[PDB]
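Chains as they are written, first to last, in my numbering: chain A, 268 to 297; chain B, 268 to 297; chain C, 268 to 297; chain D, 268 to 297; chain E, 268 to 297; chain F, 268 to 297. Beta carbons: idealized from backbone N, C-alpha and C, even for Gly. Notes follow once the structure below has been shown.
Number of protein chains: 6
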Amino acid sequence: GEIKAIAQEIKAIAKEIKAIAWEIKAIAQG
Amino acid sequence: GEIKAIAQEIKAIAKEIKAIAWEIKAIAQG
Amino acid sequence: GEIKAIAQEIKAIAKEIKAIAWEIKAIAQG
Amino acid sequence: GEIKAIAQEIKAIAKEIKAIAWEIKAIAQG
Amino acid sequence: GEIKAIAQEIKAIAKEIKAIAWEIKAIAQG
Amino acid sequence: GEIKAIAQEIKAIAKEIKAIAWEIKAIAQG
């Protein structure tokens, strides 16, 4: 239900934070 | 219903941590 | 009741985290 | 009861995230 | 209890964004 | 069940972000 849907959206946000962190690492390395 | 309301606020906080990470990337870039 | 009242306190905290993210955006832009 | 106790612990975690966000703002400004 | 666990992981992620911001500040400074 | 499984996946993502943060520090230091 809705609590599962909210948990899934928090997981999606965490994946986007990981992608941003990876981009910051690439910028720092270049 | 109140646990769902709390979960929605945790989701909102996760979105703001993503927003902060995005701004750290902007600082890293220039 | 009390769990709703706690959820409302967490909503206020989430708004302050959003305000901090907005301040970091202003810092990144300056 | 126990759901109230859990809600109070989630509020404490939200406050801790706010403190971390405030540290990030100070770091970004320095 | 699982919403608390997710909140704890958002706190952990915020701490890692703080660690990244520390490094990005140093890079921006020179 | 599924909310616990999602919480565990968010923990795994938090560990990936921690690894990226560690590597950014190593890059900054080198």
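Taking the alpha-carbon positions, what's the residue i to residue j distance?
{"i": "E:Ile280", "j": "A:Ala288", "result": "10 Å"}
{"i": "D:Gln275", "j": "C:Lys271", "result": "11 Å"}
{"i": "A:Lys292", "j": "B:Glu283", "result": "20 Å"}
{"i": "F:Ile273", "j": "E:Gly268", "result": "13 Å"}
{"i": "D:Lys278", "j": "B:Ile277", "result": "10 Å"}
{"i": "F:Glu290", "j": "C:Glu290", "result": "27 Å"}
{"i": "C:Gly297", "j": "B:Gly297", "result": "10 Å"}
Is the beta carbon of residue i within less than 7 Å of some heavy atom of the ligand PLP?
{"i": "F:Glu290", "result": "Absence of the ligand PLP is noted for the structure shown, with no ligands found whatsoever."}
Compute the beta-carbon to beta-carbon distance between residue i and residue j, rounded to the nearest angstrom, for a pair I have assumed lies under 8 Å.
{"i": "F:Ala295", "j": "A:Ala286", "result": "Actually they are not in contact, since the Cβ atoms of F:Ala295 and A:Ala286 sit about 20 Å apart, beyond 8 Å."}
Exercise for review: Note down, in chain order, all residues in the stretch 275-291 of chain E with a beta-carbon under 8 Å from any beta-carbon belonging to chain B.
Suggested key: Result list: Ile277, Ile280, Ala281, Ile284, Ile287, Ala288 and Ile291.
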